[PDB]
Structure formats: C-alpha cells, structure tokens
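So this one's start.txt, compact mmCIF, C-alpha atoms and all ligand atoms:
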# COMPACT_ATOMS: atom_id res chain seq x y z
CA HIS A 1 0.00 0.00 0.00
CA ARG A 2 1.18 3.60 -0.86
CA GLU A 3 0.76 6.95 1.04
CA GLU A 4 -0.77 8.62 -2.13
CA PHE A 5 -2.86 9.71 0.90
CA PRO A 6 -1.23 12.41 3.12
CA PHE A 7 -3.63 11.55 6.11
CA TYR A 8 -2.82 7.73 6.08
CA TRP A 9 -0.68 7.98 9.27
CA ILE A 10 -2.92 10.57 11.11
CA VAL A 11 -5.74 7.99 10.69
CA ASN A 12 -3.62 4.92 11.60
CA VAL A 13 -2.00 6.52 14.64
CA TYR A 14 -5.52 7.72 15.61
CA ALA A 15 -7.11 4.21 15.24
CA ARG A 16 -4.27 2.31 17.04
CA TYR A 17 -4.30 5.03 19.79
CA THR A 18 -8.13 4.91 20.27
CA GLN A 19 -7.93 1.09 20.38
CA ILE A 20 -5.24 1.10 23.18
CA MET A 21 -6.96 3.86 25.29
CA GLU A 22 -10.34 1.97 25.14
CA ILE A 23 -8.86 -1.11 26.92
CA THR A 24 -6.42 0.87 29.14
CA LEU A 25 -9.14 3.14 30.55
CA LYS A 26 -11.52 0.10 31.03
CA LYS A 27 -8.95 -0.70 33.78
CA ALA A 28 -10.03 2.67 35.40
CA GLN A 29 -13.75 2.09 34.68
CA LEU A 30 -13.73 4.78 31.86
CA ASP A 31 -14.41 5.00 28.08
CA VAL A 32 -12.52 7.69 26.03
CA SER A 33 -15.47 10.24 26.05
CA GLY A 34 -15.78 9.97 29.82
CA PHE A 35 -11.98 10.45 30.07
CA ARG A 36 -11.98 13.55 27.75
CA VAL A 37 -14.99 15.19 29.50
CA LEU A 38 -13.21 14.83 32.96
CA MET A 39 -9.96 16.31 31.58
CA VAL A 40 -11.57 19.37 29.96
CA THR A 41 -13.41 20.08 33.28
CA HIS A 42 -10.06 19.48 35.16
CA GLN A 43 -8.10 22.14 33.17
CA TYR A 44 -11.11 24.60 33.45
CA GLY A 45 -11.60 23.60 37.15
CA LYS A 46 -15.35 24.41 36.76
CA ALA A 47 -16.70 24.21 33.15
CA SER A 48 -19.97 24.70 31.14
CA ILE A 49 -21.34 22.05 28.71
CA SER A 50 -20.66 24.63 25.90
CA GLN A 51 -16.97 24.75 27.01
CA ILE A 52 -16.53 20.98 27.55
CA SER A 53 -18.39 20.58 24.22
CA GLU A 54 -15.63 22.62 22.45
CA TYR A 55 -12.71 20.36 23.57
CA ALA A 56 -14.15 16.85 24.37
CA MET A 57 -14.77 15.98 20.66
CA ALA A 58 -18.57 15.63 21.12
CA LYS A 59 -21.71 17.64 20.16
CA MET A 60 -23.38 19.10 23.35
CA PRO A 61 -26.14 16.41 23.63
CA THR A 62 -23.43 13.70 23.98
CA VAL A 63 -21.49 15.88 26.57
CA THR A 64 -24.83 16.48 28.46
CA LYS A 65 -25.51 12.66 28.48
CA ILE A 66 -21.78 12.10 29.36
CA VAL A 67 -21.72 14.73 32.17
CA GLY A 68 -24.96 13.14 33.59
CA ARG A 69 -23.34 9.64 33.84
CA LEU A 70 -20.37 11.35 35.69
CA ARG A 71 -22.77 13.42 37.93
CA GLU A 72 -24.51 10.12 38.95
CA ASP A 73 -21.10 8.48 39.76
CA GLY A 74 -19.66 11.27 42.01
CA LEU A 75 -16.84 12.21 39.62
CA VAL A 76 -18.36 15.63 38.74
CA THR A 77 -20.86 17.88 40.60
CA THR A 78 -22.02 21.62 40.74
CA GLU A 79 -24.95 25.69 34.04
CA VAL A 80 -21.36 24.88 35.33
CA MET A 81 -19.78 21.55 36.63
CA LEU A 82 -16.55 20.55 38.62
CA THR A 83 -14.53 17.37 39.62
CA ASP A 84 -14.75 15.51 43.12
CA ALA A 85 -12.97 12.16 43.75
CA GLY A 86 -12.92 12.75 40.01
CA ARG A 87 -9.67 14.38 41.17
CA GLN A 88 -8.69 10.75 42.04
CA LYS A 89 -10.25 9.35 38.84
CA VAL A 90 -7.97 11.72 36.81
CA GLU A 91 -4.81 10.62 38.72
CA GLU A 92 -5.81 6.94 37.92
CA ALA A 93 -6.63 7.86 34.26
CA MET A 94 -3.53 9.96 33.52
CA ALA A 95 -1.28 7.32 35.20
CA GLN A 96 -2.61 4.77 32.65
CA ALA A 97 -2.46 7.29 29.76
CA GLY A 98 1.09 8.31 30.74
CA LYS A 99 2.08 4.64 30.15
CA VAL A 100 0.35 4.94 26.75
CA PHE A 101 2.14 8.25 25.89
CA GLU A 102 5.55 6.92 27.16
CA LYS A 103 5.36 3.84 24.83
CA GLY A 104 3.87 6.02 22.07
CA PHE A 105 6.74 8.59 21.80
CA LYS A 106 9.66 6.16 22.80
CA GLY A 107 12.92 6.87 20.93
CA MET A 108 11.56 10.21 19.65
CA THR A 109 13.22 13.53 20.59
CA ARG A 110 11.34 16.37 22.28
CA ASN A 111 11.91 18.54 19.13
CA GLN A 112 10.70 15.80 16.78
CA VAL A 113 7.46 15.53 18.83
CA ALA A 114 7.01 19.34 18.98
CA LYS A 115 7.63 19.80 15.15
CA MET A 116 5.15 16.99 14.50
CA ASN A 117 2.49 18.76 16.66
CA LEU A 118 3.31 22.20 15.11
CA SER A 119 2.83 20.74 11.58
CA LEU A 120 -0.39 18.99 12.63
CA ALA A 121 -1.71 22.29 14.07
CA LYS A 122 -1.08 23.95 10.67
CA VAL A 123 -3.17 21.13 9.04
CA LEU A 124 -6.04 21.97 11.48
CA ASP A 125 -5.86 25.79 10.96
CA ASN A 126 -6.11 25.01 7.21
CA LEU A 127 -9.05 22.53 7.64
CA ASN A 128 -10.90 25.14 9.93
CA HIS B 1 -6.78 24.26 27.03
CA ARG B 2 -3.19 22.78 27.18
CA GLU B 3 -1.48 20.00 25.09
CA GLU B 4 -0.47 18.10 28.34
CA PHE B 5 -1.75 15.51 25.81
CA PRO B 6 0.72 14.63 22.98
CA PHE B 7 -2.17 13.15 20.77
CA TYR B 8 -4.43 16.32 21.01
CA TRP B 9 -3.65 17.37 17.39
CA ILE B 10 -3.64 13.78 15.88
CA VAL B 11 -7.23 13.51 17.25
CA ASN B 12 -8.33 17.04 16.19
CA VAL B 13 -6.86 16.81 12.69
CA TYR B 14 -8.47 13.33 12.49
CA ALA B 15 -11.96 14.58 13.61
CA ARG B 16 -11.97 17.74 11.39
CA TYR B 17 -10.68 15.59 8.45
CA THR B 18 -13.32 12.82 8.93
CA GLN B 19 -16.01 15.53 9.19
CA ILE B 20 -14.96 17.18 5.83
CA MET B 21 -14.56 13.84 3.93
CA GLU B 22 -18.07 12.67 5.09
CA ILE B 23 -19.80 15.64 3.35
CA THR B 24 -17.33 15.84 0.40
CA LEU B 25 -17.76 12.17 -0.54
CA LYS B 26 -21.61 12.43 -0.10
CA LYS B 27 -21.22 14.55 -3.28
CA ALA B 28 -19.85 11.32 -4.94
CA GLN B 29 -22.48 9.07 -3.29
CA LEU B 30 -19.82 7.57 -0.86
CA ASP B 31 -19.17 7.34 2.92
CA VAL B 32 -15.51 7.12 4.15
CA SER B 33 -15.54 3.24 4.57
CA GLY B 34 -16.85 2.79 1.04
CA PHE B 35 -14.13 5.22 -0.18
CA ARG B 36 -11.31 3.37 1.72
CA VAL B 37 -12.46 -0.12 0.59
CA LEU B 38 -12.42 1.04 -3.14
CA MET B 39 -8.93 2.57 -2.76
CA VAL B 40 -7.34 -0.51 -1.13
CA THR B 41 -8.81 -2.68 -3.97
CA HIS B 42 -7.56 -0.04 -6.53
CA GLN B 43 -3.88 -0.19 -5.37
CA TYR B 44 -4.08 -4.08 -5.18
CA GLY B 45 -6.02 -4.16 -8.52
CA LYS B 46 -7.74 -7.40 -7.32
CA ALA B 47 -7.87 -7.86 -3.48
CA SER B 48 -9.11 -10.36 -0.81
CA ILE B 49 -11.33 -9.30 2.15
CA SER B 50 -8.33 -10.25 4.42
CA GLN B 51 -6.15 -7.76 2.44
CA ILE B 52 -8.75 -4.95 2.22
CA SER B 53 -9.42 -5.67 5.93
CA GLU B 54 -5.75 -4.85 6.74
CA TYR B 55 -5.80 -1.32 5.19
CA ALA B 56 -9.47 -0.08 5.15
CA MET B 57 -9.59 0.46 8.97
CA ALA B 58 -12.39 -2.13 9.49
CA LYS B 59 -12.70 -5.67 10.96
CA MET B 60 -13.48 -8.22 8.13
CA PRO B 61 -17.28 -8.45 8.82
CA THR B 62 -17.60 -4.68 8.12
CA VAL B 63 -15.41 -5.01 4.92
CA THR B 64 -17.56 -8.06 3.85
CA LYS B 65 -20.79 -5.97 4.40
CA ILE B 66 -19.02 -2.97 2.71
CA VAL B 67 -17.75 -5.01 -0.30
CA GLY B 68 -21.33 -6.45 -0.71
CA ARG B 69 -22.90 -2.93 -0.97
CA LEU B 70 -20.21 -2.12 -3.65
CA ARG B 71 -20.78 -5.51 -5.46
CA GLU B 72 -24.54 -4.66 -5.66
CA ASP B 73 -23.76 -1.15 -7.09
CA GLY B 74 -21.35 -2.23 -9.91
CA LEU B 75 -18.28 -0.55 -8.39
CA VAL B 76 -16.54 -3.88 -7.54
CA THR B 77 -16.96 -7.42 -8.98
CA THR B 78 -15.00 -10.81 -9.23
CA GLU B 79 -12.28 -14.97 -2.50
CA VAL B 80 -10.89 -11.95 -4.53
CA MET B 81 -12.62 -8.68 -5.80
CA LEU B 82 -11.77 -5.87 -8.40
CA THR B 83 -13.03 -2.35 -9.51
CA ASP B 84 -15.38 -1.63 -12.63
CA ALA B 85 -16.84 1.86 -13.31
CA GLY B 86 -15.47 1.90 -9.78
CA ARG B 87 -12.48 3.04 -11.86
CA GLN B 88 -14.72 6.12 -12.55
CA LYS B 89 -15.95 6.28 -8.93
CA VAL B 90 -12.28 6.55 -7.79
CA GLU B 91 -11.52 9.39 -10.28
CA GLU B 92 -14.65 11.24 -8.87
CA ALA B 93 -13.61 10.41 -5.23
CA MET B 94 -9.92 11.33 -5.50
CA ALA B 95 -10.81 14.57 -7.38
CA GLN B 96 -12.90 15.60 -4.33
CA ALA B 97 -10.26 14.32 -1.85
CA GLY B 98 -7.49 16.11 -3.76
CA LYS B 99 -9.39 19.39 -3.04
CA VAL B 100 -9.46 18.29 0.63
CA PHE B 101 -5.68 17.44 0.66
CA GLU B 102 -4.78 20.70 -1.25
CA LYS B 103 -6.58 22.89 1.37
CA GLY B 104 -5.27 20.62 4.17
CA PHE B 105 -1.51 21.01 3.45
CA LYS B 106 -1.64 24.67 2.04
CA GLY B 107 1.41 26.77 2.98
CA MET B 108 3.29 23.66 4.18
CA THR B 109 6.55 22.53 2.51
CA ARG B 110 7.00 19.05 1.03
CA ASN B 111 9.71 18.35 3.70
CA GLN B 112 7.51 19.57 6.55
CA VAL B 113 4.74 17.17 5.39
CA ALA B 114 7.20 14.25 4.94
CA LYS B 115 8.86 14.80 8.43
CA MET B 116 5.38 14.96 9.97
CA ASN B 117 4.44 11.60 8.34
CA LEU B 118 7.85 10.03 9.26
CA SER B 119 7.33 11.05 12.94
CA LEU B 120 3.74 9.78 12.90
CA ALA B 121 4.96 6.43 11.47
CA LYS B 122 7.40 6.13 14.41
CA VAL B 123 4.40 6.69 16.80
CA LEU B 124 2.58 3.77 15.05
CA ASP B 125 5.61 1.38 15.11
CA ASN B 126 5.79 2.13 18.86
CA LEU B 127 2.00 1.61 19.43
CA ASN B 128 2.16 -1.76 17.39
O1 LIG C 201 -8.66 8.17 5.05
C1 LIG C 201 -7.54 8.42 4.57
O2 LIG C 201 -7.40 9.37 3.75
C2 LIG C 201 -6.35 7.54 4.96
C3 LIG C 201 -6.57 6.09 4.62
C4 LIG C 201 -6.41 5.09 5.50
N1 LIG C 201 -6.64 3.97 4.91
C5 LIG C 201 -6.94 4.14 3.67
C6 LIG C 201 -7.30 3.19 2.73
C7 LIG C 201 -7.59 3.63 1.49
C8 LIG C 201 -7.56 4.98 1.23
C9 LIG C 201 -7.21 5.93 2.18
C10 LIG C 201 -6.91 5.48 3.45
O1 LIG C 202 -7.59 11.87 23.39
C1 LIG C 202 -6.58 12.57 23.55
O2 LIG C 202 -5.59 12.12 24.20
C2 LIG C 202 -6.55 13.99 22.98
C3 LIG C 202 -7.67 14.85 23.51
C4 LIG C 202 -8.50 15.55 22.73
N1 LIG C 202 -9.33 16.20 23.48
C5 LIG C 202 -9.09 16.00 24.73
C6 LIG C 202 -9.79 16.49 25.83
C7 LIG C 202 -9.36 16.11 27.04
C8 LIG C 202 -8.29 15.25 27.14
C9 LIG C 202 -7.60 14.76 26.04
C10 LIG C 202 -8.04 15.14 24.79
Any chance you could put this one into structure tokens?
Amino acid sequence: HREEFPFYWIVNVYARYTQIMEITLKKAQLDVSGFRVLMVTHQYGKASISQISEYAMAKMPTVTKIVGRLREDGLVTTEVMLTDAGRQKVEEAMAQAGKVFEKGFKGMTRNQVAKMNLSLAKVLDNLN
Amino acid sequence: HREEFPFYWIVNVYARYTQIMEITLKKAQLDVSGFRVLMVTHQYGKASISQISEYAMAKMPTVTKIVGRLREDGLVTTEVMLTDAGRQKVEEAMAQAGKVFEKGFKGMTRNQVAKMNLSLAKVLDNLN
C-alpha cells in the first residue's frame, strides 16, 4: 500500500491510539469520552457544557448525556460543573495514559514531537 | 486548554478531516468506509477481504458488508474482488479528496509534510 494519501498515518496513529486507550481506561472504569470530559473540566476547574463541548470531541447532547453519567457516579458535581474524587479518577486515568504516551513517543526527541504537533496544528488551521 | 496531551492534534486533525470527507464524498455518493475499501482494492487491482481488511480500517465483517454494498452497485466485482466503473468512482472520489488534501496542506513545505508523516509512522511502530 502507498501513502498517495497524506492523512494515512494521522488515521492509523488515531485508530491504534483509540484502540489502546479503550482497553487501558476500562482498567479505570472509563471510556474515552468519559476520560476527555473529565480532563476538559479538570483544566477549566469548573466548566460549562458549551466549554466541555468545544474540547471533548462531542456535540453538546453527547457531553450532556456524558456529564450526567459522571454526575450520577460522584466524579463531577455543581450551568457549570466541577470534579470531586474525580480528582482521584484523573490521577488513575492519567497514570494509565502516561504509560500509553511513554510507549507512544519512545525513541523520539522532544523537538521531533514538537515539530510533528506544530505541523499537525497547521493542518487543522487550514481545515478550519 | 493545554497540550499536556501529545495526541491532542492527531485527534483534532483526524476529527476535522473525517467531518470534511463525510460531506465531500456524499457529493460522490460515498461514505468514508466505502471510499477506503475502493482505494485498497484499486492499489491491489484485485484484493481479498483479508487484504482490504488490513488497510481499510475495518474488521473483516464490516469489509464483507461494505464489499457487498459495492458488489450490488457495480463498483466492484469478481475470494478476490476488483473495480469496474469503480475506476470512474475513484476518479470522482480522489478529485474531491485532492481538493481536501490541497486545502489541508496549504502553505506547508513538502519536507515539513514528509517529516510529519515520518514522525507519525514512528508513533505507530511504537504503538504496534
Ligand atoms: O482516510 C484516509 O485518507 C487515509 C486512509 C487510510 N486507509 C486508507 C485506505 C484507502 C484509502 C485511504 C486510506
Ligand atoms: O484523546 C486525547 O488524548 C486527545 C484529547 C482531545 N481532546 C481532549 C480532551 C481532554 C483530554 C484529552 C483530549
């Protein structure tokens, strides 16, 4: 097979990555959406559905059904919402994901990884 | 929001890309799976489900249900399968996708795009 397809590796890294994070986070009782929604709220501290909905990679009616599973499970509480022993869920989650990122970027320099992410961010400006 | 997440841009380029290709290929009567299954067969000329199933980003029972929609629509025929006026479907498809790739990589050098895809292929070796 040929890369006559400039997005071949975006897609393949994305699929192998999603696959690994599905089974890793099932250790920590989470799916990827659940894990993204917690992390957006974590950086914001207290977040709106509109704001989560920007970054979690989901239209607001998924986020609202996601945030409501996480309300009911004592990981988020509080319009605006905030983390609880979610703060412990995100330690658990990022410990697992840190193993995934460590394996992922092994043998790659800091500058390689930065130039890759700079180039990818130019692809996104262009698609937007 | 912070990239304390080295895959933030893989995922965002992947989501904006999938979004654009969904609506572009609906011009040409195709979804992305249909478009990938045709292209794998095209490079192979005549391909098995096992072989398509490697590259199309789908487990074999999707590919087998995908190849059967494309059998029934005169885009693939022939164990092994091959393109027809599929050969015309792939001109139509890659014309559209070439507009997507042209916009995508605008203002980026050939070497930038190659180094990005080399780095991404190291991420995949590592995840595999
Ligand atoms: O979707 C893309 O452009 C990348 C890609 C991954 N697998 C493919 C198989 C056939 C055609 C393109 C792709
Ligand atoms: O899935 C990833 O690792 C990337 C990513 C995209 N949006 C996110 C929101 C919160 C946490 C991580 C991500």
Using all atoms listed in the file, which residues sit within 10 Å of region 74-77 of chain A once same-chain residues fewer than 4 positions away are excluded, as a compact mmCIF listing (two decimals) with C-alpha atoms, in the coordinates of the input?
# COMPACT_ATOMS: atom_id res chain seq x y z
CA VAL A 37 -14.99 15.19 29.50
CA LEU A 38 -13.21 14.83 32.96
CA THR A 41 -13.41 20.08 33.28
CA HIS A 42 -10.06 19.48 35.16
CA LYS A 46 -15.35 24.41 36.76
CA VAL A 67 -21.72 14.73 32.17
CA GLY A 68 -24.96 13.14 33.59
CA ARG A 69 -23.34 9.64 33.84
CA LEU A 70 -20.37 11.35 35.69
CA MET A 81 -19.78 21.55 36.63
CA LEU A 82 -16.55 20.55 38.62
CA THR A 83 -14.53 17.37 39.62
CA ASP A 84 -14.75 15.51 43.12
CA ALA A 85 -12.97 12.16 43.75
CA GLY A 86 -12.92 12.75 40.01
CA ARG A 87 -9.67 14.38 41.17
CA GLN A 88 -8.69 10.75 42.04
CA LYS A 89 -10.25 9.35 38.84
CA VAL A 90 -7.97 11.72 36.81
*Figure out the distance between CA of residue 21 (chain A) and CA of residue 127 (chain B), please, to one decimal in Å.*
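Going from CA of residue 127 (chain B) over to CA of residue 21 (chain A), I get 10.9 Å.
The gap separating CA of residue 116 (chain A) from CA of residue 26 (chain A) is 28.9 Å, in Å to one decimal.
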Around ligand LIG 202 (chain C), with edges along x, y and z and 8 Å added on all six sides, what centre and edge lengths do you get, in Å to one decimal, as JSON?
{"center_x": -7.7, "center_y": 14.2, "center_z": 24.9, "size_x": 20.2, "size_y": 20.6, "size_z": 20.4}
Return as JSON lines the residues of chain B lying at most 6 Å from ligand LIG 201 (chain C), together with the closest atom-to-atom pair for each and the distance in Å to one decimal, counting only C-alpha atoms and all ligand atoms, with rows in chain order and ascending residue number.
{"residue": "B:36", "atom": "CA", "partner": "C:LIG201", "partner_atom": "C7", "distance": 3.7}
{"residue": "B:39", "atom": "CA", "partner": "C:LIG201", "partner_atom": "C7", "distance": 4.6}
{"residue": "B:40", "atom": "CA", "partner": "C:LIG201", "partner_atom": "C7", "distance": 4.9}
{"residue": "B:55", "atom": "CA", "partner": "C:LIG201", "partner_atom": "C6", "distance": 5.4}
{"residue": "B:56", "atom": "CA", "partner": "C:LIG201", "partner_atom": "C6", "distance": 4.6}
Save out the residues we just selected, C-alpha atoms, as a PDB file, in the frame of the given file.
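Ended up saving to again_37.pdb:
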ATOM      1  CA  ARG B  36     -11.310   3.370   1.720  1.00  0.00           C
ATOM      2  CA  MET B  39      -8.930   2.570  -2.760  1.00  0.00           C
ATOM      3  CA  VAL B  40      -7.340  -0.510  -1.130  1.00  0.00           C
ATOM      4  CA  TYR B  55      -5.800  -1.320   5.190  1.00  0.00           C
ATOM      5  CA  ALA B  56      -9.470  -0.080   5.150  1.00  0.00           C
TER       6      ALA B  56
END
_Distance in Å - CA of residue 16 (chain B) versus CA of residue 2 (chain B)_ = 18.8 Å
*Write down, as a PyMOL selection string, each residue of chain A that has any atom within 7 Å of an atom of chain B, counting all atoms listed in the file.*
chain A and resi 1+9-11+13-14+16+43+103-106+112+116-117+119-121+123-124+126-127
Output of the above residues as a PDB file, in the frame of the given file, restricted to C-alpha atoms:
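New file out-v2.pdb:
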ATOM      1  CA  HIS A   1       0.000   0.000   0.000  1.00  0.00           C
ATOM      2  CA  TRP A   9      -0.680   7.980   9.270  1.00  0.00           C
ATOM      3  CA  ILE A  10      -2.920  10.570  11.110  1.00  0.00           C
ATOM      4  CA  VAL A  11      -5.740   7.990  10.690  1.00  0.00           C
ATOM      5  CA  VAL A  13      -2.000   6.520  14.640  1.00  0.00           C
ATOM      6  CA  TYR A  14      -5.520   7.720  15.610  1.00  0.00           C
ATOM      7  CA  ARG A  16      -4.270   2.310  17.040  1.00  0.00           C
ATOM      8  CA  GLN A  43      -8.100  22.140  33.170  1.00  0.00           C
ATOM      9  CA  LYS A 103       5.360   3.840  24.830  1.00  0.00           C
ATOM     10  CA  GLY A 104       3.870   6.020  22.070  1.00  0.00           C
ATOM     11  CA  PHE A 105       6.740   8.590  21.800  1.00  0.00           C
ATOM     12  CA  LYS A 106       9.660   6.160  22.800  1.00  0.00           C
ATOM     13  CA  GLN A 112      10.700  15.800  16.780  1.00  0.00           C
ATOM     14  CA  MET A 116       5.150  16.990  14.500  1.00  0.00           C
ATOM     15  CA  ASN A 117       2.490  18.760  16.660  1.00  0.00           C
ATOM     16  CA  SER A 119       2.830  20.740  11.580  1.00  0.00           C
ATOM     17  CA  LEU A 120      -0.390  18.990  12.630  1.00  0.00           C
ATOM     18  CA  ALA A 121      -1.710  22.290  14.070  1.00  0.00           C
ATOM     19  CA  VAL A 123      -3.170  21.130   9.040  1.00  0.00           C
ATOM     20  CA  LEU A 124      -6.040  21.970  11.480  1.00  0.00           C
ATOM     21  CA  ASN A 126      -6.110  25.010   7.210  1.00  0.00           C
ATOM     22  CA  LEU A 127      -9.050  22.530   7.640  1.00  0.00           C
TER      23      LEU A 127
END
_Polymer residues at most 8 Å from residue 48 (chain B), all atoms listed in the file, same-chain spacing of 3 or more positions, as a ChimeraX atom specification_ = /B:51-52,79-81
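Residue nearest residue 34 (chain A) within the list A:99, A:65, A:92, A:111: A:65 [criterion: smallest interatomic distance, all atoms listed in the file].
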*From the list A:64, A:78, A:96, A:29, which residue is nearest ligand LIG 202 (chain C) when using all atoms listed in the file?*
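For ligand LIG 202 (chain C), the nearest of the given residues is A:96.
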